[PDB]
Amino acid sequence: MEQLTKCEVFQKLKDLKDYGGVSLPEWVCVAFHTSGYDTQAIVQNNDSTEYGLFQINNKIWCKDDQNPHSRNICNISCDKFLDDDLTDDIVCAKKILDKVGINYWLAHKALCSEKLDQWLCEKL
């Protein structure tokens, strides 16, 4: 499935550090919580399909073959969230945080806004 390690994720999400006030360790927690670090995760939801590490949906954020009617706010093909380069994923994730907040990923922010030191890559 191509799952990354916590340390790889910590290095790859660098550009999200403190964005919107969300610390890097919290972003790593969000990633593990939503996809378990699987960059190729695709999940069928109630009214949409979610793609990649950040599980971005094809109803509002990206466009895929299933829903050509996507508002495509991130202006990108969803399959672009299934590869190993997290750069476009991150650009779209910032747009999601900006528009709908951390609740896109967390039922409750407390899930990842606590005991943050466990999300820091020790070998860094």
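Residues carry their position along the shown sequence, with the first being 1.
Here 93 to 101 and 64 to 72 are compared by their mean Cα B-factor, and 64 to 72 comes out higher. Two stretches are in play, 16 to 24 and 111 to 119, and the higher mean C-alpha B-factor belongs to 111 to 119. Out of 84, 38, 88, 50, the entry records its largest CA B-factor for 84.
Ranked within its chain, residue 55 lands in the lowest third, by CA B factor from the PDB record.
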